[PDB]
Structures are given as C-alpha cells and as structure tokens.
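Visitor: Residue numbers (the authors' numbering), protein chains in the order written: chain A, 616 to 1023; chain B, 820 to 1023.
Can you read through this structure? Questions will come right after.
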Amino acid sequence: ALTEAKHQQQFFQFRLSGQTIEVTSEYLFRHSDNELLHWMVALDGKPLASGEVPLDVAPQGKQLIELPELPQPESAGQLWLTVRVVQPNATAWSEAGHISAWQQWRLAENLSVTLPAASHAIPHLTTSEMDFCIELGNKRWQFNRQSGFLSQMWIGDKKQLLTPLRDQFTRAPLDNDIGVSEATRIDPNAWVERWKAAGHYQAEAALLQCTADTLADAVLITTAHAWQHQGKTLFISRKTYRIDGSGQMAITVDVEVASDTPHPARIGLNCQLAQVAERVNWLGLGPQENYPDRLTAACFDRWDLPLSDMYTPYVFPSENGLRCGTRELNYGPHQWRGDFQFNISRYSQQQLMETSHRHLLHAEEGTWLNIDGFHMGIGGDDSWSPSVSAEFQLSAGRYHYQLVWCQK
Amino acid sequence: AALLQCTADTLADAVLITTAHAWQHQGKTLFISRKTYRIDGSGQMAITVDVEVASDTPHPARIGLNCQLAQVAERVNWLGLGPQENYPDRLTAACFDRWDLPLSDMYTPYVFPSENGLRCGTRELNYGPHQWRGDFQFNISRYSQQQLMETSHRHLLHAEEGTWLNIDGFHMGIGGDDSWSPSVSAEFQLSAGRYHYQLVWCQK
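Shown next, in the form of structure tokens:
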C-alpha cells in the first residue's frame, strides 16, 4: 500500500499534451532544486528512447517540457511514455538517486493485423468414454469428459498439472471482506458473510455440455457448467478451447452471474502447476502487488522477479499478490497471453483462508496459479463495513475473457 | 474494411463460419472485428463478435452491426427499455418490459436529423419473421445513418427501400451539459479497447 500512498502524495504533477509535458509543483516554499526528470519511451517493454531533464519549477509553478521527436515503429504493440523525478543529490532523509515521483501514459497503439503461419502439423483427437485427448508433438492435453475440465497435460513424459484447470469465483477474504464479523457474532453485511451465505464457497459444478469437434486445422473443445447451491444457479461458465497446429490453446470464457447473488470477488481460473520455477516474468502492471482500486502507483512494463516476491506476507493470511493489466505472463515453459489479472504462489486460496497466521503456512506441492479475467476491488475506506465502491464490484452479469496458453 | 480471414467449418451438428476484418485509414488500423457465425439444426444463427479499438483513436460512437432489411412491417415488438427513445446516459425514465409499437414510433423527428430512436437494454426484438436475441441496444427505421447525416431538415428525408436496422452491442452517451463543447461523461465513452457481444438471429 505504501507505494500507492507515495505516488498519490507526490509533490509534482504531470500532464501530457502532445509531446509536451507540463509539470506542476505542489511545493509551497521550495524550488525544484534537486530534481531531475528522467523520461522514457517503450514498446511493450522495449525501450526506444530516454532523456533526462533538470526541473526548474518554483513552488506552485509550472514547467514545460517538450520532448524530442519520438520514434515510432511499425511493429505492433503499445507505446508507453514513462517519467520519473529523481533526486540526484542526497539529503538528510534521502539517498542520492531517490525517486520522488512518477507518471506514465500510453501514447499509441499499433494493432496486430497479422494472422499466424498456417500450422505445419495438425492435432489428433483421441476419444474414449472418460476423456478426450489431444496430441500434437510431444505435447498432449486431456479433458475429462465427466468433469468437463482439462485434467492434465504433458510436455513429453512430464505432467504439468497437479490439479485441473477450473473456474474460480471466490477469494481468501481480505481483512476488509471480513470486517468485524466473528464466529460468535456474525456481521451479515460483511462481504464474506454474504458470499458464505449464498454458497459461493461451496457451490458445486455441473457438466451441462462437453464436446470435441474437428476443425480443418485444429481441435475444438466446448464445455458448459453451472454452479449451483440449493437449486440455485449462481453462475454459468461457457468455454471453448481451441488447439491448433501451433500447439497453442486458446481459451475463451463467458460467465453469466445471477443478478440476485452477491457479486463475486472474482472471475477466472486456477489450477495447480506441477513445476516450481525461480522467477516470474510478466508484461503488465507492477512490479508490486496491485488491485483494481489500488493500482495507480503501478507501471506497465516488463517485470521479472523471484517467485518469493509474488507473495505478500500479510500477517493475517488472505488473497494477495495480484497484478493487474497483465498481457503476458511467463513461468517455466509456460506462457499465457491476454488481458487479465493474476497471482501465483505456493499456497492455495484455501490454505490462506484457513490459516490464522502467516507463520503457519506451508508451501504446497507445486505452484498455484490464479488467472483472473476479473477481480473485485479491495476497499479500505474503513475495515468494519463494506468499503468497495460500486465501480469496483463485479456487477455486470455477463463477463467475457480469453487466453492463450502455450509453451516455449 | 479488410478481409483478414473467412472460413467455414463443419461441426458435428452445425456450420461454423469465422471471419476477421480490419478497418483502416491511412495505414492505421482503427478497429478489428472478429466474428463467428454458427448455424445449427434449429436454423438459428449465433453471432459472436469481438472488437479491438485502438487506444489512440477517438472512441467510437458505437459498436454494432447494421443491415438493410428487405421487409417492412407495421409493428415492432421488443423486450427491453422503453417504450421511448433511450440512450445510455439518458435512460432512467425508461422501463424494462415488453413493448409493442408501430414502426413510425421508432423514429424521432428531430427537426435537424441525426441518430435517434435508440432503445437500450434490449433482450429480444421482433420484426416481421425476425427475432433477435441477446443484450443490446438497437434502432430501426426507414432511414440510413447516411441519409440522416446528410439531410439538414427532417422534412427532406425520404423513406428508403426497406427497413434499416442497427443493433448495437454498445453505444456512446449523448451528453448535453451544454451543446458547444464535449459533454459526454467519461463513463459513457466507449474507451475499453476490447468489446464483446453476441446475438441470436432467427425466425418464426
């Protein structure tokens, strides 16, 4: 949280107009005299340009900054401008090179109008009454026809999942979701209570449909489940998996949420990976944990960190570590692509949810991955009543998202 | 537009068409539309659409489809907001229900012709033998957008061959705080980038 503060409370303010940056000083008494502005342009994580400019703004003043002609490539992707204010010299409370402020903008987008290279190969579908198998190369994917989930996958002789890939609509309650609700004295208004009461945490799936079809150049799986509790259908998930000659699966998901059920904490999938890698690399917001109503301090870019850093050791364990606006995530040989929020650690939601202290958590078999098409905000106006603003509640009813899972 | 792809595939119990276009202007791709039509034994087509809007292009007024129908019917019946013209930043007075009115009533004779007659939150619309189902906003009259756009007065409009139908997955707000500067609030601007929608067209 500390960063979100730091950024919001920063003393310099920016506005971008064309290729001119307007800087506003919120200092009342001092002049920007230990301040440098670093600027920089990059295309999907790739740096194309940098500058540095000394700030000469008086308290309550403005400074105009015109940027050099900015490169612009043919390549697809998003072009982002990022600026940082630096304190070149040390003060009594800061080191040299301390960053006092920052801001970023999206400059342009070159949309990708390029269709992939027609698959050399073609996947084979092997049916059975238990499942559908897809093979292509060393790669194989299995979908269980009884459950409707992708139960396993192999690269070579190695299995990748410990747990099937499945829909997730809940979260290990944050302090704010709980509020002052106790086992003794239940607060029926607390998000958790609502969710609890409505069956979110204990709803059971229901295969409505599960089919395989052979396309000209790919296999197409199609499923549908209903989550229900006491004969009430809470949600409905409709997917399509489409594996192609490239050995890429494209998941497309479409949820329907009942108008009359408390809005879900989230909407995405999760699964337990078999692997355990040392780093995580992604192209999205970061580097730090960021939620929807708490992500202004985060920057879009390519981040690479140790797994350990993707977990936030809140003494009272709960959902944590999320990173939003992710476009690509890489872990081991996996790579997922799209627009989603995600989190990844060695602790299942359930373990988090069931441990009173962080010191009692134990790392699980592999890596737990939660990939969200959507996530509700965290709130915080107070911690004893619902504080999540409406804009951050998953109240649309219809939700759509897509992924591309693949390997390297 | 630009055909990027167009394929037919045969499914166990249906046909599946798949397309992709790019709209561009001066080598800039503004939008990208990706659909799938899926016709089944029921003789129902399900359209599924997915638009990508360039971050750096003014947000579009809308996002949907249109076409000119050959038929011309006397009534329009729908299940959604109405009965009156309603836009996104202007629909609190409207009620969700089943409305049935004369075609004539689906056009708003603003003396200075412009986009009009929209009805939001529609779940089902019926015109002649057609029935469309989903979640969309729509409008329907005898005037193309172009005709509206090119006529200074309403008295000069002429009804066109059949019925023009505009079905929107999304529509930007109308504004009004004032009429001499942009007045559409941000919440009503189509600024997401990624837009998804689906329809079911069929007959009775």
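Yeah, the Cβ is synthetic: ideal placement off N, Cα and C, and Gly gets one too.
#1: Does DSSP classify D987(B) as helix, strand or coil?
#2: Could you tell me whether the Cβ atoms of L726(A) and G692(A) are closer together than 7 Å?
#3: In the DSSP assignment, find the unbroken beta strand (DSSP E) run with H844(B) in it and report its ends.
#4: So what does DSSP say about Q775(A), is it helix, strand or coil?
#5: Mind pulling the chain A residues with CB within less than 8 Å of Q824(B)?
#6: Which of the residues in the stretch 999 to 1013 of chain B, read from start to end, lie with their CB under 7 Å from any CB of chain A?
#7: Could you confirm whether any beta carbon from chain B is found closer than 7 Å to the beta carbon of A831(A)?
#8: Given a threshold of 16 other Cβ atoms within 10 Å of its Cβ, counted over all protein chains shown, does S766(A) qualify as buried or as exposed?
#9: Is there a Cβ from chain B that is less than 7 Å from the Cβ of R952(A)?
#10: Pull up the CB-CB distance for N958(B) and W897(B), whole angstroms please, since I reckon it's below 8 Å.
#11: Taking DSSP as the reference, what is the three-state secondary structure of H878(A)?
#12: With a threshold of 7 Å between beta carbons, is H1015(B) in contact with chain A?
#13: Tell me which residue opens and which closes the beta strand (DSSP E) that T848(B) is part of.
#14: I need the straight-line Cα distance from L789(A) to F1007(A), nearest angstrom please.
#15: State yes or no: is the beta carbon of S861(B) nearer than 7 Å to at least one beta carbon in chain A?
#16: Looking only at C-alpha atoms, which of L1009(A), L967(A) and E689(A) sits nearest to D987(A)?
#17: Should the stretch 617 to 627 of chain A be regarded as contacting the stretch 711 to 723 of chain A, the criterion being three or more beta carbon pairs within less than 8 Å?
#18: For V872(A), collect the residues of the same chain with a Cβ closer than 6 Å to its Cβ; drop the 5 residues on either side in sequence, then sort them by chain order.
#19: Give the interface partners of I851(B) over in chain A, defined as CB-CB distance under 9 Å, in chain order.
#20: Looking at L984(B): is its Cβ nearer than 7 Å to the Cβ of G940(B)?
#21: Ignoring anything shorter than 3 residues or poking outside the stretch 933 to 967 of chain A, list the beta strand (DSSP E) runs there in chain order.
#22: If you pair each beta-carbon of the stretch 865 to 879 of chain B with each one of the stretch 970 to 983 of chain B, do three or more pairs fall below 8 Å?
#23: Can you list, in chain order, the stretches of the beta strand (DSSP E) that have 3 or more residues and sit fully within the stretch 657 to 700 of chain A?
#24: Would you mind sorting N905(A) into buried or exposed? The rule is 16 or more other CB atoms within 10 Å of its CB.
#25: Find the nearest neighbour of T729(A) within the set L722(A), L694(A) and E689(A), judged by alpha-carbon distance.
#26: List the residues of chain B whose Cβ lies closer than 9 Å to the Cβ of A723(A), in chain order.
#27: Distance cutoff 7 Å, beta carbons only. Does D828(B) sit that close to anything in chain A?
#28: Considering only the alpha carbon of each residue, which of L694(A), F915(A) and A673(A) lies closest to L663(A)?
#29: Would you tell me roughly how many angstroms separate the C-alpha atoms of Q1017(B) and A865(B), rounded to the nearest one?
#30: Measure the C-alpha to C-alpha separation of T837(A) and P932(A) and round it to an integer number of angstroms.
#31: Please return the same chain residues whose Cβ sits closer than 8 Å to the Cβ of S1004(A), not counting the five positions on each side in sequence.
#32: Using a Cβ-Cβ cutoff of less than 7 Å, which residues in the same chain neighbour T618(A) once the five nearest sequence positions on both sides are dropped?
#33: Less than 6 Å between C-beta atoms, sequence neighbours within five positions excluded: which residues of the same chain meet that for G666(A)?
#34: I'd like to check one pair, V638(A) with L685(A): are the Cβ atoms closer than 7 Å?
#35: Determine the DSSP secondary structure at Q817(A), reduced to helix, strand or coil.
#36: Quick check: what's the CA-CA separation for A880(A) versus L975(B)?
Guide: In this structure, then:
#1: Working through the second sequence from its first residue, we reach residue 987(B) at position 168. Strand.
#2: Taking the first sequence and counting its residues from 1, one reaches residue 726(A) at position 111. Taking the first sequence and counting its residues from 1, one reaches residue 692(A) at position 77. No, the Cβ-Cβ distance between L726(A) and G692(A) is not below 7 Å.
#3: Position 25 of the second sequence, counted from the first residue, corresponds to residue 844(B). Residues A833 to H844.
#4: Position 160 of the first sequence, counted from the first residue, corresponds to residue 775(A). In the displayed model, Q775(A) falls within coil according to three-state DSSP, outside both helix and strand.
#5: Translated into positions along the second sequence, residue 824(B) becomes position 5. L730, listed in chain order.
#6: Correct list: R1013.
#7: Translated into positions along the first sequence, residue 831(A) becomes position 216. Answer yes: the Cβ-Cβ gap between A831(A) and chain B drops below 7 Å somewhere.
#8: As a working mapping, residue 766(A) is identified with position 151 in the first sequence. It counts as buried.
#9: As a position in the first sequence, residue 952(A) is number 337, starting the count at 1. By this cut-off, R952(A) is not an interface position.
#10: Within the second sequence, numbered from 1, the residue matching residue 958(B) stands at position 139. Within the second sequence, numbered from 1, the residue matching residue 897(B) stands at position 78. The Cβ separation is near 11 Å, so there is no contact.
#11: By 1-based counting over the first sequence, the position of residue 878(A) is 263. Reduced to three states, the DSSP call for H878(A) is coil.
#12: Reading the second sequence from its first residue, position 196 is the one you call residue 1015(B). So, interface residue.
#13: Reading the second sequence from its first residue, position 29 is the one you call residue 848(B). That run of the beta strand (DSSP E) goes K847 to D859.
#14: By one-based count along the first sequence, residue 789(A) stands at place 174. By one-based count along the first sequence, residue 1007(A) stands at place 392. Those two C-alpha atoms are separated by around 15 Å.
#15: The sequence position of residue 861(B) within the second sequence is 42, counting from 1. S861(B) does not count as touching chain A.
#16: Residue 987(A) sits at position 372 when you count from the first residue of the first sequence. Closest in C-alpha terms to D987(A), from the list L1009(A), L967(A) and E689(A), comes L1009(A).
#17: Touching, yes.
#18: Here residue 872(A) corresponds to residue number 257 of the first sequence, with the count starting at 1. Once the five neighbours on either side are set aside, the close Cβ partners of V872(A) are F850 and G1012.
#19: Looking up residue 851(B) in the second sequence gives position 32. Residues of chain A passing the Cβ test: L726, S727 and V728.
#20: By one-based count along the second sequence, residue 984(B) stands at place 165. By one-based count along the second sequence, residue 940(B) stands at place 121. Against a cut-off of 7 Å, the Cβ pair of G940(B) and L984(B) comes out as no contact.
#21: If you keep only unbroken beta strand (DSSP E) runs of at least 3 residues inside the stretch 933 to 967 of chain A, you get 938 to 946 and 949 to 960.
#22: With the cut-off at 8 Å, the stretch 865 to 879 of chain B and the stretch 970 to 983 of chain B do not touch.
#23: As summarised for the stretch 657 to 700 of chain A, the continuous beta strand (DSSP E) elements at least 3 residues long and confined to that stretch are 661 to 669 and 677 to 681, given in chain order.
#24: Translated into the one-based positions of the first sequence, residue 905(A) becomes position 290. Here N905(A) is buried. Its C-beta has 16 or more other C-beta atoms within 10 Å.
#25: Translated into the one-based positions of the first sequence, residue 729(A) becomes position 114. Here the closest residue by C-alpha is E689(A).
#26: Taking the first residue of the first sequence as position 1, residue 723(A) is located at position 108. Those within 9 Å of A723(A) in chain B are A873, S874 and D875.
#27: The sequence position of residue 828(B) within the second sequence is 9, counting from 1. Closer than 7 Å: yes.
#28: Counting from one through the first sequence, the residue named residue 663(A) turns up at place 48. Among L694(A), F915(A) and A673(A), the Cα nearest to that of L663(A) belongs to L694(A).
#29: In the second sequence, residue 1017(B) corresponds to position 198, counting from 1. In the second sequence, residue 865(B) corresponds to position 46, counting from 1. About 7 Å.
#30: Position 222 of the first sequence, counting from 1, holds the residue named residue 837(A). Position 317 of the first sequence, counting from 1, holds the residue named residue 932(A). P932(A) has its alpha-carbon roughly 36 Å from the corresponding atom of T837(A).
#31: Taking the first sequence and counting its residues from 1, the one referred to as residue 1004(A) is at position 389. Sequence-distant partners of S1004(A) (beyond 5 residues in either direction) whose C-beta falls short of 8 Å from its own C-beta, in its chain, are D908, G992 and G994.
#32: Counting from one through the first sequence, the residue named residue 618(A) turns up at place 3. Contacts found: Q903 and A912.
#33: In the first sequence, the residue the question calls residue 666(A) occupies position 51. Cβ contact annotation for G666(A) (same chain, cutoff 6 Å, sequence separation greater than five): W654, in chain order.
#34: Within the first sequence, numbered from 1, the residue matching residue 685(A) stands at position 70. Within the first sequence, numbered from 1, the residue matching residue 638(A) stands at position 23. Between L685(A) and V638(A), the C-beta gap is not smaller than 7 Å, which leaves the two residues out of contact.
#35: Translated into positions along the first sequence, residue 817(A) becomes position 202. DSSP places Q817(A) within a helical segment (H, G or I) once states are collapsed to three.
#36: Working through the first sequence from its first residue, we reach residue 880(A) at position 265. Working through the second sequence from its first residue, we reach residue 975(B) at position 156. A880(A) and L975(B): Cα-Cα distance of roughly 54 Å.
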